[PDB]
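**Q** Starting off with a structure, shown below.
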Amino acid sequence: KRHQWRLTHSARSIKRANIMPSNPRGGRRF
Amino acid sequence: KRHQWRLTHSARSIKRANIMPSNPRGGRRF
Amino acid sequence: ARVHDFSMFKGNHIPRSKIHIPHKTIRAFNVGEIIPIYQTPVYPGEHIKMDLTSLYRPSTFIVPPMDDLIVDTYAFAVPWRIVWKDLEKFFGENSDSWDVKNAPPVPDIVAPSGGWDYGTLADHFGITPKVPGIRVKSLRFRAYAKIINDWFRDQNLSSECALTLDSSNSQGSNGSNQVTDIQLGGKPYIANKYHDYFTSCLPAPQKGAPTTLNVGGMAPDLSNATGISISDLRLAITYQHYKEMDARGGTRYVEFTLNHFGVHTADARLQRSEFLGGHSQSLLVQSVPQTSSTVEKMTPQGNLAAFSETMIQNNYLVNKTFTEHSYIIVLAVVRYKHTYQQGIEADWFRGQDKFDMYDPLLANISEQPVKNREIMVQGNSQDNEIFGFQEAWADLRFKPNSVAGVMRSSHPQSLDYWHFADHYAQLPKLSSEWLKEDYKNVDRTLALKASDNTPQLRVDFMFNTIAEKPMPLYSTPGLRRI
Amino acid sequence: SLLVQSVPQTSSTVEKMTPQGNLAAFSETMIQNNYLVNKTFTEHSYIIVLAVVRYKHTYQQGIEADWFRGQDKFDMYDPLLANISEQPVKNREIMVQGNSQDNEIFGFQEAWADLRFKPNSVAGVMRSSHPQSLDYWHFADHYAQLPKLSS
Amino acid sequence: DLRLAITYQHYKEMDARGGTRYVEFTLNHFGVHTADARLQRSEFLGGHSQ
Amino acid sequence: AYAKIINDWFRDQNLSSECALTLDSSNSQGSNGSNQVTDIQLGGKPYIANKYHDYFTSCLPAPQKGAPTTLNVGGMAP
Amino acid sequence: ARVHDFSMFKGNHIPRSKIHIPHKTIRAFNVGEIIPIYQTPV
Amino acid sequence: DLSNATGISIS
Amino acid sequence: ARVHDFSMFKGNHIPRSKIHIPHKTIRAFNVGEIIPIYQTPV
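So the protein lines, in turn, are chains A, B, C, D, E, F, G, H and I.
Under the UniProt record's numbering, the letters of the first sequence match residues 9 to 38, in that order.
Under the UniProt record's numbering, the letters of the second sequence match residues 9 to 38, in that order.
Under the UniProt record's numbering, the letters of the third sequence match residues 10 to 229, 292 to 553, in that order.
Under the UniProt record's numbering, the letters of the fourth sequence match residues 353 to 503, in that order.
Under the UniProt record's numbering, the letters of the fifth sequence match residues 303 to 352, in that order.
Under the UniProt record's numbering, the letters of the sixth sequence match residues 152 to 229, in that order.
Under the UniProt record's numbering, the letters of the seventh sequence match residues 10 to 51, in that order.
Under the UniProt record's numbering, the letters of the eighth sequence match residues 292 to 302, in that order.
Under the UniProt record's numbering, the letters of the ninth sequence match residues 10 to 51, in that order.
Put into structure tokens, the structure is as follows:
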């Protein structure tokens with residue numbers, strides 16, 4: 009629960025994802 | 009039983025807790 | 010049997026949607042400072058759901074310390090109405106008939122000369138420091154002070170932070186004054202150290218003047296002089312019970328109601344800021360052996376240093392719905408438990424006669440003084456003078472944490488960099504200044520000191536909120552009604 | 353995202369150096385892409401594969417728009433003002449200079465969007481303008497002049 | 303400018319129908335019941351009509 | 152306390168102002184007057200209830216509470 | 010895991026009882042007047 | 292320069 | 010694991026209906042000519 013790796017650098021985690029074409033605000037840009 | 013982590017610094021352990029409003033001696037202070 | 014009496018139109022239909030709002034902020038500060046790490050406006054009817062993830066990195070330690078650092082995080086709701094008196098007038102509640110004519114705007118606070126400094130309250134609220142000539146609405150600075158007064162103040166040793174309720178503008182400050190400068194956005198408020206034997210002492214055996222039985226001074292052998300009735304005796308005893316109850320429990324009106332009548336009164340009824348949630352956790356300390364060779368005038372191979380890296384998770388930090396305009400403020404503070412090397416325990420002084428020793432018959436006597444020799448022993452007349460008051464025979468319920476030998480600070484070659492224990496230059500007084508947490512005890516254990524202007528802490532905060540708000544899913548121009 | 357492996361300092365503390373126990377880092381990450389391309393081609397064509405590394409942004413020089421609301425009750429959010437036109441994002445929100453440019457327009461956003469967003473921030477010694485600055489801990493933006501909305 | 307004006311008229315008309323006391327403002331604009339004691343109003347206990 | 156109940160419940164906020172209510176610690180001077188605003192907290196004549204909601208008692212001073220909303224007209228000429 | 014943090018004494022014990030209080034008052038007034046007919050401290 | 296001229300109400 | 014990345018408003022709602030459109034035209038031409046007999050915008 010407490011001990012963890014040499015892998016912790018930030019509070020926020022980012023999840024891997026497949027990229028899909030999308031239409032966000034103001035048109036398509038990747 | 010003997011071997012333990014790089015995590016031992018003191019004889020006393022402190023347990024995590026939810027904070028609740030309480031009325032200790034002399035009024036409320038956090 | 011039925012006639013036409015006007016009723017509500019039920020009003021319009023209000024849109025509603027759920028919104029995920031992520032937020033990340035990076036901070037650096039010292040031990041003992043109460044630091045606002047989050048703020049948001051909340052409009053009536055919002056349900057807020059908040060999770061927090063924190064990563065604490067203290068400065069590296071010279072050795073792994075034989076002491077602990079503890080983090081407390083707090084969430085509060087402050088209605089704009091208890092911070093500012095003209096809130097209702099602002100949305101159009103009128104003392105006179107029909108519409109309000111002149112409603113004052115939300116008050117402003119103006120930056121100090123050269124702007125606010127680094128590390129001030131304005132800095133952590135998100136006001137950019139060192140930018141002169143800027144002004145900002147002041148209600149959140151007022152909201153901060155309100156939370157200190159309702160929760161964090163010690164009502165016995167200090168006065169409350171200044172809090173203005175009016176519509177007039179204010180002048181920001183860089184000052185460190187703990188009373189006047191809090192609402193002005195200056196240095197943060199310093200938390201009080203945890204309750205223990207010495208931190209729980211009180212100024213007097215009761216809160217009030219000590220209750221006595223009357224003595225007349227009249228002389229004509293002295294005629295008359297009367298006496299004291301059993302009825303006057305009963306009054307005096309109840310006055311002493313009253314003031315002693317006020318000393319134990321606190322005299323805030325929320326505290327008065329619980330101690331005298333045994334009743335829980337809601338914070339919102341009494342116009343206090345609402346406590347949402349909180350969590351408390353100690354920090355991890357990872358020790359590092361020295362794998363470099365021993366060099367002359369250096370630490371030897373096998374020496375242990377330390378670093379500290381801790382990931383704390385707060386789920387459900389805030390879960391609730393809001394019925395009025397309010398601010399959510401989230402606070403964080405780091406503190407440690409205290410140990411005392413300069414005093415002598417009270418039992419070493421007992422034994423003048425048998426009434427110094429504990430007895431069940433002397434179980435219910437008045438609060439007894441804690442002597443200065445117990446906190447700091449100077450070998451002079453001040454030793455037997457009073458530091459403060461504690462319940463009778465409390466030293467038999469407590470054994471303050473201590474240090475002995477080379478570990479203690481006064482030794483010429485001292486090991487005190489192993490611990491956080493207090494060190495006093497003069498005899499401490501029971502007061503507001505002594506009761507505050509002290510970052511200098513932690514500071515002698517650090518490889519890079521804060522006296523050198525290295526912040527003791529570097530923290531990464533990640534906020535994830537689910538907000539159910541009275542807004543449309545997307546706000547797209549164009550109106551439904553004309 | 354990429355992995356970051358932190359390394360403690362096991363050498364002794366030397367004067368004018370980092371102390372024993374200091375943490376540095378290295379980054380080593382193995383990414384697998386299966387089925388990056390699966391398809392058939394009906395005409396002469398080129399396949400091009402592209403790679404780019406980016407980070408999420410945090411903003412230390414502006415002030416959030418809600419600190420400026422409250423001239424009158426129509427500055428505050430209301431359900432009736434839910435469907436109004438796109439509203440300007442002021443320069444003071446991206447960079448606050450304490451001069452006349454603060455109330456000038458940086459760009460336009462949907463109405464009441466600052467109530468749906470809380471830009472990532474930095475405070476204290478962490479921010480770049482501090483004379484002794486810890487900003488080598490993060491990626492946050494730093495602007496020499498007022499940025500313009502532009503390419 | 304036309305959309306702003308129309309919303310201002312909707313706002314003032316909502317205030318006329320429902321009343322502008324802050325307990326009344328909260329119900330008409332946000333659809334929320336706020337307790338009388340929170341707002342420092344005297345509490346209604348009961349009543350009868352005959 | 153009496154005046155407070157009138158202001159919270161019985162007052163019509165559209166046609167009249169609220170009863171005077173002092174929150175301070177200073178003493179006050181009682182009154183025999185019939186003034187429905189100033190004399191209520193002074194113990195004078197009782198407050199008179201408003202008549203029940205009907206067609207005429209439900210009328211309002213203006214079509215909106217505020218000034219009527221208009222579209223702007225500039226007066227400039229070369 | 011546990012240390013001594015001050016807490017409430019729970020205070021004294023407060024007595025409690027039920028009381029029947031009858032009251033009768035006779036009034037005369039006109040139509041439309043809002044008349045206080047009762048008051049008590051609580 | 293023309294004074295007055297009023298306008299048009301939402302009504 | 011999740012953060013706020015802009016996405017489509019889904020736009021407005023577009024109406025839709027079915028329409029019967031009759032059309033009649035009368036022509037005269039010779040053999041071999043390729044003759045447009047109908048046109049419509051879509």
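All C-beta atoms in this analysis are idealised placements derived from N, C-alpha and C, irrespective of residue type, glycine included.
Could you name the residues of the same chain whose beta carbon sits closer than 8 Å to that of residue 493 of chain D, not counting the 5 residues immediately before and after it, in chain order?
**A** Correct list, in chain order: 409, 410, 411, 412 and 413.
**Q** Measuring alpha carbon to alpha carbon, tell me which of C:38, C:83, C:97 and C:424 ends up nearest residue 175 of chain C.
**A** C:97
**Q** In chain order, what are the residue ranges of uninterrupted alpha helix (DSSP H) at least 4 long that sit wholly in the segment 311–352 of chain E?
**A** 324–332
**Q** Expressed to the nearest angstrom, what Euclidean distance is found between the alpha-carbon atoms of residue 333 of chain C and residue 50 of chain G?
**A** 18 Å
**Q** Over the uninterrupted alpha helix (DSSP H) stretch that includes residue 91 of chain C, give me the two end residues.
**A** 89–92
**Q** Within 10 angstroms of the Cβ of residue 89 of chain C, are there 16 or more other Cβ atoms? Answer buried if so, exposed if not.
**A** buried
**Q** Can you find the residues in the same chain that come closer than 6 Å, C-beta to C-beta, to residue 383 of chain C, ignoring five residues on each side of it along the sequence?
**A** 63 and 352
**Q** Report, in whole angstroms, the separation of the C-beta atoms of residue 466 of chain C and residue 418 of chain C, which I expect to be a contact under 8 Å.
**A** 6 Å
**Q** For residue 483 of chain D, which beta-bridge partners are listed by DSSP?
**A** Beta-bridge pairing links residue 483 of chain D to no other residue.
**Q** Is the segment 46–60 of chain C touching the segment 501–514 of chain C, taking contact as three or more C-beta pairs under 8 Å?
**A** no
**Q** Under a three-way DSSP split, which group does residue 477 of chain D fall into?
**A** helix
**Q** Could you tell me which of C:205, C:330 and C:529 sits nearest to residue 23 of chain G, measuring between CA atoms?
**A** C:330
**Q** What residues in the segment 215–228 of chain F have a beta carbon less than 7 Å from any beta carbon of chain H?
**A** 219, 220, 221, 222, 223, 224, 226, 227 and 228
**Q** Any residues in the segment 185–212 of chain C with a beta carbon nearer than 8 Å to a beta carbon of chain G? Which ones, in chain order?
**A** 203, 204, 205 and 209
**Q** Within 8 Å (strictly less), CB to CB, does residue 20 of chain C reach chain E?
**A** yes
**Q** Do you know offhand how far residue 483 of chain C's Cα is from residue 356 of chain C's?
**A** 28 Å
**Q** Can you check whether the CB of residue 41 of chain C is closer than 8 Å to the CB of residue 129 of chain C?
**A** Cβ atoms of residue 129 of chain C and residue 41 of chain C: not closer than 8 Å.
**Q** So, with DSSP's three-state summary, where would you put residue 80 of chain C?
**A** strand
**Q** Let's see if you can read the secondary structure: which residues bound the beta strand (DSSP E) around residue 401 of chain C?
**A** 397–406
**Q** Output the distance between the C-alpha atoms of residue 43 of chain C and residue 74 of chain C, rounded to the nearest integer angstrom.
**A** 23 Å
**Q** For the beta strand (DSSP E) holding residue 35 of chain G, just list the boundary residues, first then last.
**A** Note, residue 35 of chain G: premise wrong, no beta strand (DSSP E); not H, not E.
**Q** From residue 17 of chain G to residue 309 of chain C, what does the alpha carbon distance come to, in whole angstroms?
**A** 21 Å
**Q** Got a sec? Which residues, its chain only, sit under 7 Å from residue 35 of chain C by beta carbon, not counting five neighbours each side?
**A** 531
**Q** Considering Cα atoms alone, identify which of C:153, C:416 and C:28 is closest to residue 403 of chain C.
**A** C:153
**Q** Spatial neighbours of residue 510 of chain C within its chain, please: CB distance less than 7 Å, with the 5 preceding and 5 following residues excluded, ordered by chain position.
**A** 39, 40, 41, 521 and 527
**Q** At a Cβ cut of 8 Å, what residues of the segment 26–49 of chain C count as close to chain I, listed as they run along the chain?
**A** Residues of the segment 26–49 of chain C with a C-beta less than 8 Å from any C-beta of chain I: 29, 30 and 31, listed in chain order.
**Q** Determine the extent of the beta strand (DSSP E) in which residue 46 of chain G is found, giving its start and end residues.
**A** First-last for residue 46 of chain G: undefined, no H or E at that position.
**Q** I'd like the list of long-range same chain contacts for residue 265 of chain C, defined as Cβ closer than 8 Å, with 5 residues on each side in sequence excluded.
**A** For residue 265 of chain C, nothing is modelled; it lies in the interval where chain C passes from 229 to 292 with no residues in between.
**Q** With distances taken between CB atoms, is the gap from residue 52 of chain C to residue 541 of chain C smaller than 8 Å?
**A** yes
**Q** CA-CA distance, residue 173 of chain F and residue 109 of chain C?
**A** A direct Cα-Cα distance of roughly 21 Å separates residue 173 of chain F from residue 109 of chain C.
**Q** When the cut-off is 8 Å and only beta carbons count, does residue 26 of chain A lie next to chain I?
**A** no
**Q** Output yes or no for whether 8 Å exceeds the beta carbon distance between residue 215 of chain C and residue 326 of chain C.
**A** no
**Q** What residue range is occupied by the uninterrupted alpha helix (DSSP H) comprising residue 446 of chain D?
**A** Residues 443–446.
**Q** Taking just the CA atoms, how far does residue 320 of chain E sit from residue 101 of chain C?
**A** 12 Å
**Q** Which residues in the same chain as residue 179 of chain C place their Cβ atom closer than 6 Å to its Cβ, once the five residues preceding and following it in sequence are excluded?
**A** 118 and 147
**Q** If you draw a straight line from the alpha carbon of residue 201 of chain C to that of residue 164 of chain C, how long is it in whole angstroms?
**A** 11 Å
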